[PDB]
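Experimental coordinates follow, after the sequence.
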Amino acid sequence: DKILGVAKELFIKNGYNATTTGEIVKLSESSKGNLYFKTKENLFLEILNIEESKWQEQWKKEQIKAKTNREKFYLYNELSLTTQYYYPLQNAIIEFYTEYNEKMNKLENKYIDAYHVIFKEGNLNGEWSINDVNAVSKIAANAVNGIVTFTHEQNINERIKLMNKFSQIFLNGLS
Amino acid sequence: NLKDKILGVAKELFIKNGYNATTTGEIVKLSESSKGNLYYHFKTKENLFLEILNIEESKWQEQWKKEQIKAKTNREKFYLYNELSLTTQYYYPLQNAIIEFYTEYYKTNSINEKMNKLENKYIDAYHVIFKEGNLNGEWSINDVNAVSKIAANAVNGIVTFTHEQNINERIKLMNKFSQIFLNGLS
Ligand SMILES: Cc1cc(N)c2ccccc2[n+]1CCCCCCCCCC[n+]1c(C)cc(N)c2ccccc21
């Protein structure tokens, strides 16, 4: 945990490659032997799992505010911009994909799961008629991740504005 | 020419060994130039890499001006541009030295300003697609500058975060997105 906490801080601030197990160990005393997650990957892939969940929990605690699935969608994407979980590691996560199908598969599904529920319960609630949810969930998720990640610099309220103009276009698109 | 040769050699070096690993001395010696001349044209490795990127955007835009003839309507151009963005990046060699470079100088605003200059140039492609689409009545976007930024960044996310998939599927999705997106505009 002293490892897992320092890593997150190092992976968020500096890169994936730019923070190595040398600097992580020196950051939390616990000697290199203690770091045995097997590889640097495993350490990192474990953090993503943690953070993806800390987000997914926060989303459940905050989705009550949404009455309809339409609102659930809008909101989920809005919250993605503001959260302190997962989405601030996406630079690392990108840098990770270049530098290297396993525990990754269980994450990518947990990552799209929030949209799966929304679109599934959305068909049950009759708000739209999407027939291939897995496609639309992976699309929506990644598009959103794009809007969050490829604008992390400019004014936060513009960001929120853009994401909502997105959510509108997308949902309107499905229906 | 020694500006171009520096750029060209630098590009290959970056492609070959990444951004961080490539030194200025390498670029210098391999291009039969000088640290002095490199400094006079680019000041830093960071800027040198930025001009490499400026060129690559210019080259990209040229591809698009030629490639977009295969797309008659702006609806078609939107579909295409997104495919290209996905496909052409899949085998883009600088893409790794870009990721490296970005996830390093994005906290620095002097650089990040110049990188948005670049990224805005990419967004411009969508701005044109949407604008001409308004003029042709393929759709009615009142807020084009926003919709462009969205399209571009939605496609970037699809391009970048899909990674765990087969390349024939990604195209399927990217086109599905292209479909869904356009069909929520009118
Ligand atoms: C040649 C060429 C070839 C292509 N297939 C191509 C495809 C799409 C766009 C440009 C292309 N170009 C042109 C490439 C010119 C360079 C401009 C793009 C770099 C600007 C930074 C973009 N960026 C931002 C904003 C935010 C991020 N978190 C981030 C993370 C990782 C990587 C990039 C990031």
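Nice, I can see it. Residues are numbered from 1 along each chain as shown, chains lettered A, B, ... in the order given.

For chain B, see how far away residue A:14 is.
Distance from residue A:14 to chain B, counting by C-beta to the nearest C-beta, to the nearest Å: 8 Å. Heads up, the C-betas are built off the backbone N, CA and C, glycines and all.

Domain-wise, how is chain A divided?
A:1-44, A:45-175 (curated CATH domains).

List the contacts of residue A:73.
Residues in contact with residue A:73, defined by C-beta atoms under 8 Å, 6 or more residues apart in numbering or on different chains, are A:115, A:118, A:122, A:140, A:167, A:170-171.

can you do 7 Å?
Residues counted as contacts of residue A:73 (C-beta atoms under 7 Å, 6 or more residues apart in numbering or on different chains) are A:118, A:167, A:171.

what about it, which helix or strand?
helix A:69-82 (DSSP states H and E).

count of neighbours near the residue in chain A positioned nearest to the ligand?
Residue nearest to the ligand within chain A (C-beta to the nearest ligand atom): residue A:150, separated by 4.5 Å. A count of nearby residues for residue A:150, using other C-beta atoms under 10 Å in any protein chain shown, gives 20.

Is there contact, residue-wise, from the helix holding residue A:73 to the ligand?
No - judged by C-beta under 6 Å from any ligand atom, helix A:69-82 stays clear of the ligand, getting no closer than 13.7 Å.

Kindly export that helix (C-alpha atoms) in PDB.
C-alpha atoms of helix A:69-82 as PDB (Å, rounded to 0.1, in the frame of the first residue of the first chain):
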ATOM      1  CA  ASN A  69     -30.600   6.600 -17.800                       C
ATOM      2  CA  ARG A  70     -30.400   9.600 -20.200                       C
ATOM      3  CA  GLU A  71     -29.400  11.600 -17.100                       C
ATOM      4  CA  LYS A  72     -27.200   8.800 -15.800                       C
ATOM      5  CA  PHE A  73     -25.200   9.000 -19.100                       C
ATOM      6  CA  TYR A  74     -24.800  12.800 -19.200                       C
ATOM      7  CA  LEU A  75     -23.800  12.700 -15.500                       C
ATOM      8  CA  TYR A  76     -21.300   9.800 -15.700                       C
ATOM      9  CA  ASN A  77     -19.500  11.700 -18.500                       C
ATOM     10  CA  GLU A  78     -19.700  15.000 -16.600                       C
ATOM     11  CA  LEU A  79     -18.300  13.300 -13.400                       C
ATOM     12  CA  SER A  80     -15.400  11.800 -15.500                       C
ATOM     13  CA  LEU A  81     -14.000  15.200 -16.000                       C
ATOM     14  CA  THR A  82     -14.100  16.100 -12.300                       C
END
